$ cat data-v4.json   # JSON, N, CA and C atoms
[["chain", "number", "residue", "atom", "x", "y", "z"],
["T", 215, "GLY", "N", -15.48, -8.94, 59.28],
["T", 215, "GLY", "CA", -14.64, -9.13, 60.47],
["T", 215, "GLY", "C", -14.96, -8.15, 61.59],
["T", 216, "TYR", "N", -15.71, -7.09, 61.30],
["T", 216, "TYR", "CA", -16.14, -6.13, 62.35],
["T", 216, "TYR", "C", -17.66, -6.04, 62.34],
["T", 217, "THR", "N", -18.30, -6.18, 63.50],
["T", 217, "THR", "CA", -19.78, -6.17, 63.55],
["T", 217, "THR", "C", -20.26, -4.79, 63.10],
["T", 218, "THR", "N", -19.62, -3.75, 63.62],
["T", 218, "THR", "CA", -20.01, -2.36, 63.26],
["T", 218, "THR", "C", -18.74, -1.55, 62.97],
["T", 219, "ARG", "N", -18.79, -0.69, 61.95],
["T", 219, "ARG", "CA", -17.61, 0.14, 61.59],
["T", 219, "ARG", "C", -18.06, 1.59, 61.45],
["T", 220, "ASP", "N", -17.20, 2.53, 61.85],
["T", 220, "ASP", "CA", -17.52, 3.98, 61.73],
["T", 220, "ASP", "C", -17.63, 4.36, 60.25],
["T", 221, "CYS", "N", -18.54, 5.29, 59.95],
["T", 221, "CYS", "CA", -18.70, 5.75, 58.55],
["T", 221, "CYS", "C", -17.41, 6.43, 58.10],
["T", 222, "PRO", "N", -16.82, 6.02, 56.95],
["T", 222, "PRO", "CA", -15.59, 6.62, 56.45],
["T", 222, "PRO", "C", -15.78, 8.12, 56.17],
["T", 223, "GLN", "N", -16.95, 8.51, 55.67],
["T", 223, "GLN", "CA", -17.19, 9.94, 55.30],
["T", 223, "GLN", "C", -17.29, 10.83, 56.55],
["T", 224, "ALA", "N", -16.95, 12.11, 56.40],
["T", 224, "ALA", "CA", -16.95, 13.07, 57.54],
["T", 224, "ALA", "C", -18.35, 13.63, 57.79],
["T", 225, "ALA", "N", -18.49, 14.53, 58.77],
["T", 225, "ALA", "CA", -19.78, 15.22, 59.08],
["T", 225, "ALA", "C", -20.76, 14.27, 59.76],
["T", 226, "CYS", "N", -20.30, 13.08, 60.12],
["T", 226, "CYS", "CA", -21.18, 12.14, 60.86],
["T", 226, "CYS", "C", -20.32, 11.23, 61.75],
["T", 227, "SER", "N", -20.86, 10.78, 62.89],
["T", 227, "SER", "CA", -20.13, 9.82, 63.75],
["T", 227, "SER", "C", -21.10, 8.72, 64.19],
["T", 228, "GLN", "N", -21.16, 7.62, 63.44],
["T", 228, "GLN", "CA", -22.07, 6.51, 63.79],
["T", 228, "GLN", "C", -21.53, 5.21, 63.20],
["T", 229, "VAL", "N", -21.99, 4.08, 63.73],
["T", 229, "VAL", "CA", -21.55, 2.75, 63.23],
["T", 229, "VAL", "C", -22.77, 2.03, 62.66],
["T", 230, "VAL", "N", -22.65, 1.50, 61.45],
["T", 230, "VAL", "CA", -23.82, 0.83, 60.80],
["T", 230, "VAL", "C", -23.40, -0.55, 60.29],
["T", 231, "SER", "N", -24.38, -1.46, 60.16],
["T", 231, "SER", "CA", -24.11, -2.83, 59.64],
["T", 231, "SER", "C", -24.40, -2.90, 58.13],
["T", 232, "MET", "N", -24.21, -4.08, 57.54],
["T", 232, "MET", "CA", -24.50, -4.29, 56.09],
["T", 232, "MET", "C", -26.00, -4.16, 55.82],
["T", 233, "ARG", "N", -26.86, -4.65, 56.72],
["T", 233, "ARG", "CA", -28.34, -4.66, 56.49],
["T", 233, "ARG", "C", -28.93, -3.24, 56.47],
["T", 234, "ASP", "N", -28.26, -2.27, 57.10],
["T", 234, "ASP", "CA", -28.79, -0.88, 57.18],
["T", 234, "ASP", "C", -28.85, -0.23, 55.79],
["T", 235, "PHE", "N", -27.94, -0.59, 54.88],
["T", 235, "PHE", "CA", -27.89, 0.07, 53.55],
["T", 235, "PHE", "C", -29.09, -0.31, 52.68],
["T", 236, "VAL", "N", -29.63, 0.67, 51.95],
["T", 236, "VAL", "CA", -30.77, 0.41, 51.01],
["T", 236, "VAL", "C", -30.44, 1.06, 49.66],
["T", 237, "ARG", "N", -31.08, 0.60, 48.60],
["T", 237, "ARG", "CA", -30.77, 1.12, 47.24],
["T", 237, "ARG", "C", -31.08, 2.61, 47.14],
["T", 238, "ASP", "N", -30.18, 3.38, 46.53],
["T", 238, "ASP", "CA", -30.43, 4.83, 46.31],
["T", 238, "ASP", "C", -30.54, 5.10, 44.81],
["T", 239, "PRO", "N", -31.75, 5.36, 44.27],
["T", 239, "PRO", "CA", -31.90, 5.69, 42.85],
["T", 239, "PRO", "C", -31.24, 7.02, 42.48],
["T", 240, "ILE", "N", -31.12, 7.95, 43.42],
["T", 240, "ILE", "CA", -30.58, 9.30, 43.07],
["T", 240, "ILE", "C", -29.17, 9.15, 42.51],
["T", 241, "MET", "N", -28.33, 8.34, 43.15],
["T", 241, "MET", "CA", -26.92, 8.23, 42.69],
["T", 241, "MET", "C", -26.87, 7.65, 41.27],
["T", 242, "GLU", "N", -27.66, 6.60, 41.01],
["T", 242, "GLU", "CA", -27.64, 5.96, 39.67],
["T", 242, "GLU", "C", -28.19, 6.93, 38.62],
["T", 243, "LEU", "N", -29.22, 7.71, 38.97],
["T", 243, "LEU", "CA", -29.78, 8.71, 38.01],
["T", 243, "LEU", "C", -28.71, 9.75, 37.70],
["T", 244, "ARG", "N", -27.98, 10.21, 38.72],
["T", 244, "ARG", "CA", -26.91, 11.21, 38.50],
["T", 244, "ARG", "C", -25.83, 10.61, 37.59],
["T", 245, "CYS", "N", -25.45, 9.36, 37.84],
["T", 245, "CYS", "CA", -24.40, 8.71, 37.01],
["T", 245, "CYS", "C", -24.90, 8.59, 35.56],
["T", 246, "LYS", "N", -26.15, 8.17, 35.39],
["T", 246, "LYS", "CA", -26.70, 7.96, 34.02],
["T", 246, "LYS", "C", -26.75, 9.30, 33.27],
["T", 247, "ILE", "N", -27.23, 10.35, 33.93],
["T", 247, "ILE", "CA", -27.35, 11.67, 33.25],
["T", 247, "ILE", "C", -25.94, 12.19, 32.92],
["T", 248, "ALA", "N", -24.97, 11.99, 33.81],
["T", 248, "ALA", "CA", -23.58, 12.44, 33.55],
["T", 248, "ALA", "C", -23.03, 11.70, 32.32],
["T", 249, "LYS", "N", -23.27, 10.39, 32.24],
["T", 249, "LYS", "CA", -22.79, 9.60, 31.08],
["T", 249, "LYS", "C", -23.47, 10.10, 29.80],
["T", 250, "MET", "N", -24.78, 10.35, 29.87],
["T", 250, "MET", "CA", -25.50, 10.78, 28.65],
["T", 250, "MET", "C", -24.96, 12.14, 28.20],
["T", 251, "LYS", "N", -24.74, 13.06, 29.15],
["T", 251, "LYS", "CA", -24.27, 14.42, 28.79],
["T", 251, "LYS", "C", -22.86, 14.35, 28.19],
["T", 252, "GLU", "N", -21.98, 13.54, 28.78],
["T", 252, "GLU", "CA", -20.58, 13.47, 28.26],
["T", 252, "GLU", "C", -20.61, 12.83, 26.86],
["T", 253, "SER", "N", -21.44, 11.81, 26.67],
["T", 253, "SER", "CA", -21.52, 11.14, 25.35],
["T", 253, "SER", "C", -22.05, 12.13, 24.31],
["T", 254, "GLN", "N", -23.10, 12.87, 24.66],
["T", 254, "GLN", "CA", -23.72, 13.79, 23.67],
["T", 254, "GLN", "C", -22.73, 14.91, 23.34],
["T", 255, "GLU", "N", -22.01, 15.43, 24.34],
["T", 255, "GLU", "CA", -21.09, 16.57, 24.08],
["T", 255, "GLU", "C", -19.95, 16.06, 23.19],
["T", 256, "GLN", "N", -19.46, 14.85, 23.44],
["T", 256, "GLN", "CA", -18.36, 14.29, 22.61],
["T", 256, "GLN", "C", -18.86, 14.12, 21.17],
["T", 257, "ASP", "N", -20.08, 13.60, 21.02],
["T", 257, "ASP", "CA", -20.63, 13.37, 19.66],
["T", 257, "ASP", "C", -20.78, 14.72, 18.96],
["T", 258, "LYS", "N", -21.32, 15.71, 19.67],
["T", 258, "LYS", "CA", -21.57, 17.03, 19.03],
["T", 258, "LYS", "C", -20.24, 17.66, 18.64],
["T", 259, "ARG", "N", -19.24, 17.62, 19.53],
["T", 259, "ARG", "CA", -17.95, 18.30, 19.24],
["T", 259, "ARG", "C", -17.28, 17.62, 18.04],
["T", 260, "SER", "N", -17.32, 16.28, 17.99],
["T", 260, "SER", "CA", -16.71, 15.53, 16.86],
["T", 260, "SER", "C", -17.43, 15.89, 15.56],
["T", 261, "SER", "N", -18.76, 15.91, 15.61],
["T", 261, "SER", "CA", -19.57, 16.22, 14.40],
["T", 261, "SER", "C", -19.27, 17.65, 13.93],
["T", 262, "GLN", "N", -19.22, 18.60, 14.87],
["T", 262, "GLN", "CA", -18.98, 20.01, 14.49],
["T", 262, "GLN", "C", -17.57, 20.13, 13.89],
["T", 263, "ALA", "N", -16.59, 19.47, 14.50],
["T", 263, "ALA", "CA", -15.19, 19.58, 14.01],
["T", 263, "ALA", "C", -15.11, 19.03, 12.59],
["T", 264, "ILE", "N", -15.77, 17.89, 12.34],
["T", 264, "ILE", "CA", -15.74, 17.27, 10.99],
["T", 264, "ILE", "C", -16.49, 18.18, 10.00],
["T", 265, "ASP", "N", -17.60, 18.77, 10.43],
["T", 265, "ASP", "CA", -18.38, 19.68, 9.55],
["T", 265, "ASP", "C", -17.53, 20.90, 9.18],
["T", 266, "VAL", "N", -16.70, 21.38, 10.12],
["T", 266, "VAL", "CA", -15.82, 22.56, 9.85],
["T", 266, "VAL", "C", -14.86, 22.20, 8.70],
["T", 267, "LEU", "N", -14.29, 20.99, 8.74],
["T", 267, "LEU", "CA", -13.32, 20.56, 7.69],
["T", 267, "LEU", "C", -14.07, 20.29, 6.37],
["X", 366, "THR", "N", -25.10, 6.96, 13.86],
["X", 366, "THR", "CA", -24.46, 8.30, 13.86],
["X", 366, "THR", "C", -22.99, 8.15, 14.24],
["X", 367, "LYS", "N", -22.70, 7.34, 15.26],
["X", 367, "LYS", "CA", -21.29, 7.10, 15.65],
["X", 367, "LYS", "C", -20.57, 6.44, 14.48],
["X", 368, "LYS", "N", -21.22, 5.48, 13.82],
["X", 368, "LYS", "CA", -20.60, 4.77, 12.68],
["X", 368, "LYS", "C", -20.33, 5.78, 11.56],
["X", 369, "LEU", "N", -21.30, 6.65, 11.26],
["X", 369, "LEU", "CA", -21.11, 7.65, 10.17],
["X", 369, "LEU", "C", -20.04, 8.66, 10.60],
["X", 370, "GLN", "N", -19.95, 9.00, 11.89],
["X", 370, "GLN", "CA", -18.86, 9.90, 12.35],
["X", 370, "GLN", "C", -17.52, 9.21, 12.14],
["X", 371, "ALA", "N", -17.44, 7.91, 12.44],
["X", 371, "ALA", "CA", -16.18, 7.18, 12.19],
["X", 371, "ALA", "C", -15.89, 7.17, 10.68],
["X", 372, "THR", "N", -16.93, 6.93, 9.87],
["X", 372, "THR", "CA", -16.72, 6.86, 8.41],
["X", 372, "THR", "C", -16.26, 8.23, 7.91],
["X", 373, "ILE", "N", -16.87, 9.31, 8.39],
["X", 373, "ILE", "CA", -16.47, 10.66, 7.88],
["X", 373, "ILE", "C", -15.05, 10.97, 8.39],
["X", 374, "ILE", "N", -14.67, 10.48, 9.57],
["X", 374, "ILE", "CA", -13.25, 10.66, 10.02],
["X", 374, "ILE", "C", -12.36, 9.92, 9.02],
["X", 375, "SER", "N", -12.75, 8.70, 8.64],
["X", 375, "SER", "CA", -11.96, 7.93, 7.66],
["X", 375, "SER", "C", -11.94, 8.67, 6.32],
["X", 376, "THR", "N", -13.07, 9.27, 5.93],
["X", 376, "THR", "CA", -13.14, 10.03, 4.65],
["X", 376, "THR", "C", -12.22, 11.26, 4.74],
["X", 377, "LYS", "N", -12.18, 11.92, 5.89],
["X", 377, "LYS", "CA", -11.27, 13.08, 6.06],
["X", 377, "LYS", "C", -9.82, 12.60, 5.93],
["X", 378, "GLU", "N", -9.51, 11.45, 6.52],
["X", 378, "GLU", "CA", -8.14, 10.89, 6.40],
["X", 378, "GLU", "C", -7.87, 10.58, 4.92],
["X", 379, "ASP", "N", -8.86, 10.02, 4.22],
["X", 379, "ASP", "CA", -8.70, 9.72, 2.77],
["X", 379, "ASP", "C", -8.51, 11.02, 2.01],
["X", 380, "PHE", "N", -9.24, 12.07, 2.39],
["X", 380, "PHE", "CA", -9.10, 13.39, 1.72],
["X", 380, "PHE", "C", -7.69, 13.92, 1.96],
["X", 381, "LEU", "N", -7.16, 13.77, 3.18],
["X", 381, "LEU", "CA", -5.77, 14.22, 3.47],
["X", 381, "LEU", "C", -4.79, 13.41, 2.63],
["X", 382, "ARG", "N", -5.01, 12.10, 2.52],
["X", 382, "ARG", "CA", -4.14, 11.25, 1.67],
["X", 382, "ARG", "C", -4.28, 11.69, 0.21],
["X", 383, "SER", "N", -5.50, 12.02, -0.22],
["X", 383, "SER", "CA", -5.73, 12.48, -1.60],
["X", 383, "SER", "C", -4.97, 13.79, -1.83],
["X", 384, "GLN", "N", -4.98, 14.69, -0.84],
["X", 384, "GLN", "CA", -4.23, 15.97, -0.95],
["X", 384, "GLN", "C", -2.73, 15.66, -1.03],
["X", 385, "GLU", "N", -2.25, 14.70, -0.24],
["X", 385, "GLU", "CA", -0.81, 14.31, -0.30],
["X", 385, "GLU", "C", -0.49, 13.77, -1.69],
["X", 386, "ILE", "N", -1.39, 12.97, -2.27],
["X", 386, "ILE", "CA", -1.19, 12.48, -3.66],
["X", 386, "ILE", "C", -1.22, 13.68, -4.61],
["X", 387, "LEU", "N", -2.14, 14.63, -4.39],
["X", 387, "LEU", "CA", -2.27, 15.83, -5.26],
["X", 387, "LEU", "C", -1.00, 16.69, -5.15],
["X", 388, "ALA", "N", -0.24, 16.56, -4.06],
["X", 388, "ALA", "CA", 1.04, 17.30, -3.93],
["X", 388, "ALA", "C", 1.93, 16.92, -5.11],
["X", 389, "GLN", "N", 1.87, 15.66, -5.55],
["X", 389, "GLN", "CA", 2.60, 15.28, -6.79],
["X", 389, "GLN", "C", 1.80, 15.81, -7.97],
["X", 390, "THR", "N", 2.37, 16.73, -8.74],
["X", 390, "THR", "CA", 1.60, 17.38, -9.83],
["X", 390, "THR", "C", 1.18, 16.38, -10.91],
["X", 391, "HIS", "N", 2.10, 15.54, -11.38],
["X", 391, "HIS", "CA", 1.78, 14.60, -12.49],
["X", 391, "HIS", "C", 1.14, 15.38, -13.64],
["X", 392, "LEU", "N", 1.67, 16.57, -13.95],
["X", 392, "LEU", "CA", 1.04, 17.43, -14.99],
["X", 392, "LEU", "C", 1.08, 16.71, -16.33],
["X", 393, "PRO", "N", -0.01, 16.71, -17.13],
["X", 393, "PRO", "CA", 0.02, 16.13, -18.46],
["X", 393, "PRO", "C", 1.01, 16.92, -19.32],
["X", 394, "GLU", "N", 1.58, 16.26, -20.32],
["X", 394, "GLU", "CA", 2.58, 16.93, -21.18],
["X", 394, "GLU", "C", 1.94, 18.19, -21.78],
["X", 395, "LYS", "N", 2.69, 19.30, -21.84],
["X", 395, "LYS", "CA", 2.14, 20.58, -22.34],
["X", 395, "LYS", "C", 1.79, 20.48, -23.83],
["X", 396, "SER", "N", 2.42, 19.56, -24.56],
["X", 396, "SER", "CA", 2.21, 19.48, -26.03],
["X", 396, "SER", "C", 1.63, 18.11, -26.45],
["X", 397, "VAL", "N", 0.70, 17.54, -25.69],
["X", 397, "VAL", "CA", 0.08, 16.24, -26.13],
["X", 397, "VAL", "C", -0.68, 16.44, -27.43],
["X", 398, "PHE", "N", -1.52, 17.47, -27.49],
["X", 398, "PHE", "CA", -2.28, 17.76, -28.73],
["X", 398, "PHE", "C", -1.30, 18.12, -29.85],
["X", 399, "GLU", "N", -0.25, 18.87, -29.52],
["X", 399, "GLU", "CA", 0.77, 19.26, -30.53],
["X", 399, "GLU", "C", 1.47, 18.00, -31.06],
["X", 400, "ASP", "N", 1.82, 17.07, -30.17],
["X", 400, "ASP", "CA", 2.45, 15.79, -30.60],
["X", 400, "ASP", "C", 1.46, 14.98, -31.45],
["X", 401, "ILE", "N", 0.18, 15.00, -31.07],
["X", 401, "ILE", "CA", -0.85, 14.27, -31.86],
["X", 401, "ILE", "C", -0.91, 14.89, -33.26],
["X", 402, "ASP", "N", -0.91, 16.22, -33.35],
["X", 402, "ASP", "CA", -0.91, 16.89, -34.67],
["X", 402, "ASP", "C", 0.38, 16.54, -35.42],
["X", 403, "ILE", "N", 1.52, 16.52, -34.73],
["X", 403, "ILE", "CA", 2.82, 16.24, -35.41],
["X", 403, "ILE", "C", 2.79, 14.82, -35.97],
["X", 404, "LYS", "N", 2.32, 13.85, -35.19],
["X", 404, "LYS", "CA", 2.25, 12.45, -35.67],
["X", 404, "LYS", "C", 1.20, 12.33, -36.79],
["X", 405, "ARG", "N", 0.11, 13.09, -36.72],
["X", 405, "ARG", "CA", -0.88, 13.08, -37.83],
["X", 405, "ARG", "C", -0.20, 13.61, -39.10],
["X", 406, "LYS", "N", 0.55, 14.70, -38.98],
["X", 406, "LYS", "CA", 1.28, 15.22, -40.17],
["X", 406, "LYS", "C", 2.28, 14.16, -40.63],
["X", 407, "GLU", "N", 2.98, 13.51, -39.69],
["X", 407, "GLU", "CA", 4.01, 12.51, -40.07],
["X", 407, "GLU", "C", 3.35, 11.35, -40.81],
["X", 408, "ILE", "N", 2.22, 10.84, -40.30],
["X", 408, "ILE", "CA", 1.56, 9.68, -40.96],
["X", 408, "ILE", "C", 1.05, 10.12, -42.33],
["X", 409, "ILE", "N", 0.49, 11.33, -42.43],
["X", 409, "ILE", "CA", -0.02, 11.83, -43.74],
["X", 409, "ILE", "C", 1.15, 11.90, -44.72],
["X", 410, "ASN", "N", 2.28, 12.45, -44.26],
["X", 410, "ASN", "CA", 3.48, 12.57, -45.13],
["X", 410, "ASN", "C", 3.96, 11.17, -45.51],
["X", 411, "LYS", "N", 3.97, 10.24, -44.55],
["X", 411, "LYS", "CA", 4.47, 8.87, -44.82],
["X", 411, "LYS", "C", 3.59, 8.19, -45.86],
["X", 412, "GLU", "N", 2.27, 8.31, -45.70],
["X", 412, "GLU", "CA", 1.34, 7.69, -46.68],
["X", 412, "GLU", "C", 1.47, 8.40, -48.04],
["X", 413, "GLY", "N", 1.66, 9.73, -48.04],
["X", 413, "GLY", "CA", 1.88, 10.45, -49.31],
["X", 413, "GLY", "C", 3.17, 9.99, -49.96]]
$ encode --input "data-v4.json" --output "structure tokens"
Amino acid sequence: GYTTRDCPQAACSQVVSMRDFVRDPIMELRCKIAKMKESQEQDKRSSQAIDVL
Amino acid sequence: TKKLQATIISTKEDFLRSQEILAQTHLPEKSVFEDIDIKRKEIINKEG
């Protein structure tokens, strides 16, 4: 409904369209590594707790 | 590994249930061997 809209995030003042956006691998890599680290830490803590008992 | 972690959690729960069952002593009678000897004497006397 709007041809151009201001960027919601701060530190910038510009209006961009849908076509301007391009895929960013950095964000997906950060999300994947965060998921892997949280999964591994949960597995290790559960294993250590069971080994203690 | 996740499956074995789940299984060992279940085994820990089973161990806790086993400890709860062990809370009931169910001690064997202190004189089972003595009663066996008494009945052996009784049967020997009865046959005599």
$ residues_around --input "data-v4.json" --residues "segment 259-265 of chain T" --least-positions-apart "2" --cutoff "9 Å" --atoms "only C-alpha atoms" --output "compact mmCIF listing (two decimals) with N, CA and C atoms, keeping the file's coordinate frame"
# COMPACT_ATOMS: atom_id res chain seq x y z
N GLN T 254 -23.10 12.87 24.66
CA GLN T 254 -23.72 13.79 23.67
C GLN T 254 -22.73 14.91 23.34
N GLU T 255 -22.01 15.43 24.34
CA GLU T 255 -21.09 16.57 24.08
C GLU T 255 -19.95 16.06 23.19
N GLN T 256 -19.46 14.85 23.44
CA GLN T 256 -18.36 14.29 22.61
C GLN T 256 -18.86 14.12 21.17
N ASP T 257 -20.08 13.60 21.02
CA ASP T 257 -20.63 13.37 19.66
C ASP T 257 -20.78 14.72 18.96
N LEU T 267 -14.29 20.99 8.74
CA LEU T 267 -13.32 20.56 7.69
C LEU T 267 -14.07 20.29 6.37
N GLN X 370 -19.95 9.00 11.89
CA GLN X 370 -18.86 9.90 12.35
C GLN X 370 -17.52 9.21 12.14
N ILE X 373 -16.87 9.31 8.39
CA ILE X 373 -16.47 10.66 7.88
C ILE X 373 -15.05 10.97 8.39
N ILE X 374 -14.67 10.48 9.57
CA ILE X 374 -13.25 10.66 10.02
C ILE X 374 -12.36 9.92 9.02
N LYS X 377 -12.18 11.92 5.89
CA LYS X 377 -11.27 13.08 6.06
C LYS X 377 -9.82 12.60 5.93
$ atom_distance --input "data-v4.json" --atom1 "atom CA of residue 378 of chain X" --atom2 "atom N of residue 253 of chain T"
24.3 Å
$ atom_distance --input "data-v4.json" --atom1 "atom C of residue 366 of chain X" --atom2 "atom C of residue 240 of chain T"
29.0 Å
$ closest_residue --input "data-v4.json" --among "X:367, X:406, X:411, X:391" --to "chain T" --atoms "all atoms listed in the file"
X:367
$ select_by_dssp --input "data-v4.json" --residues "chain T" --states "strand (DSSP E)" --output "ChimeraX atom specification"
/T:219-220,229-230
$ atom_distance --input "data-v4.json" --atom1 "atom C of residue 239 of chain T" --atom2 "atom C of residue 252 of chain T"
19.8 Å
$ residues_around --input "data-v4.json" --residues "residue 217 of chain T" --least-positions-apart "2" --cutoff "9 Å" --atoms "only C-alpha atoms" --output "short mmCIF file (atom, residue, chain, number, x, y, z; two decimals) with N, CA and C atoms, keeping the file's coordinate frame"
data_model
loop_
_atom_site.label_atom_id
_atom_site.label_comp_id
_atom_site.auth_asym_id
_atom_site.auth_seq_id
_atom_site.Cartn_x
_atom_site.Cartn_y
_atom_site.Cartn_z
N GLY T 215 -15.48 -8.94 59.28
CA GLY T 215 -14.64 -9.13 60.47
C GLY T 215 -14.96 -8.15 61.59
N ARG T 219 -18.79 -0.69 61.95
CA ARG T 219 -17.61 0.14 61.59
C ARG T 219 -18.06 1.59 61.45
N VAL T 230 -22.65 1.50 61.45
CA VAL T 230 -23.82 0.83 60.80
C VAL T 230 -23.40 -0.55 60.29
N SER T 231 -24.38 -1.46 60.16
CA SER T 231 -24.11 -2.83 59.64
C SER T 231 -24.40 -2.90 58.13
#
$ closest_residue --input "data-v4.json" --among "T:251, T:233, T:258, T:244" --to "chain X" --atoms "only C-alpha atoms"
T:258
$ select_by_dssp --input "data-v4.json" --residues "chain T" --states "alpha helix (DSSP H)" --output "VMD selection string"
chain T and resid 239 to 266
$ decode --input "data-v4.json" --residues "segment 371-393 of chain X" --atoms "N, CA and C atoms" --output "short mmCIF file (atom, residue, chain, number, x, y, z; two decimals), in the first residue's frame"
data_model
loop_
_atom_site.label_atom_id
_atom_site.label_comp_id
_atom_site.auth_asym_id
_atom_site.auth_seq_id
_atom_site.Cartn_x
_atom_site.Cartn_y
_atom_site.Cartn_z
N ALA X 371 17.19 -39.82 26.91
CA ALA X 371 15.80 -40.01 27.37
C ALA X 371 15.69 -41.34 28.12
N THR X 372 16.31 -42.39 27.57
CA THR X 372 16.22 -43.73 28.21
C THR X 372 16.89 -43.67 29.58
N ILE X 373 18.04 -43.01 29.69
CA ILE X 373 18.73 -42.98 31.01
C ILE X 373 17.92 -42.11 31.97
N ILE X 374 17.22 -41.08 31.48
CA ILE X 374 16.32 -40.31 32.38
C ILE X 374 15.23 -41.26 32.87
N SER X 375 14.68 -42.07 31.97
CA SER X 375 13.64 -43.05 32.37
C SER X 375 14.24 -44.06 33.36
N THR X 376 15.49 -44.49 33.12
CA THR X 376 16.16 -45.44 34.05
C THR X 376 16.36 -44.79 35.41
N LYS X 377 16.73 -43.50 35.44
CA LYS X 377 16.88 -42.79 36.73
C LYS X 377 15.53 -42.74 37.44
N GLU X 378 14.45 -42.48 36.70
CA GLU X 378 13.10 -42.47 37.30
C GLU X 378 12.79 -43.87 37.83
N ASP X 379 13.15 -44.91 37.07
CA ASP X 379 12.92 -46.31 37.52
C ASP X 379 13.75 -46.58 38.77
N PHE X 380 14.98 -46.06 38.81
CA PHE X 380 15.85 -46.24 40.00
C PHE X 380 15.21 -45.54 41.20
N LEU X 381 14.65 -44.35 41.00
CA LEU X 381 13.96 -43.64 42.11
C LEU X 381 12.75 -44.46 42.57
N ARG X 382 11.99 -45.01 41.62
CA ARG X 382 10.83 -45.87 41.98
C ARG X 382 11.34 -47.11 42.71
N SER X 383 12.47 -47.67 42.25
CA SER X 383 13.05 -48.86 42.91
C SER X 383 13.45 -48.50 44.34
N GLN X 384 14.02 -47.31 44.55
CA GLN X 384 14.39 -46.86 45.92
C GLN X 384 13.12 -46.70 46.76
N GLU X 385 12.05 -46.16 46.17
CA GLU X 385 10.76 -46.02 46.90
C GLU X 385 10.25 -47.41 47.29
N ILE X 386 10.37 -48.38 46.39
CA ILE X 386 9.97 -49.78 46.73
C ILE X 386 10.90 -50.30 47.83
N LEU X 387 12.20 -50.00 47.74
CA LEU X 387 13.19 -50.46 48.75
C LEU X 387 12.90 -49.82 50.11
N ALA X 388 12.19 -48.68 50.13
CA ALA X 388 11.80 -48.05 51.41
C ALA X 388 10.97 -49.07 52.20
N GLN X 389 10.16 -49.88 51.52
CA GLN X 389 9.46 -50.98 52.23
C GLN X 389 10.48 -52.09 52.47
N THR X 390 10.77 -52.40 53.73
CA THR X 390 11.85 -53.37 54.03
C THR X 390 11.52 -54.77 53.51
N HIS X 391 10.31 -55.27 53.77
CA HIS X 391 9.94 -56.65 53.36
C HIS X 391 11.02 -57.61 53.86
N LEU X 392 11.51 -57.42 55.09
CA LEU X 392 12.63 -58.26 55.60
C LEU X 392 12.18 -59.71 55.67
N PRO X 393 13.02 -60.68 55.23
CA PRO X 393 12.68 -62.09 55.38
C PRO X 393 12.58 -62.43 56.87
#
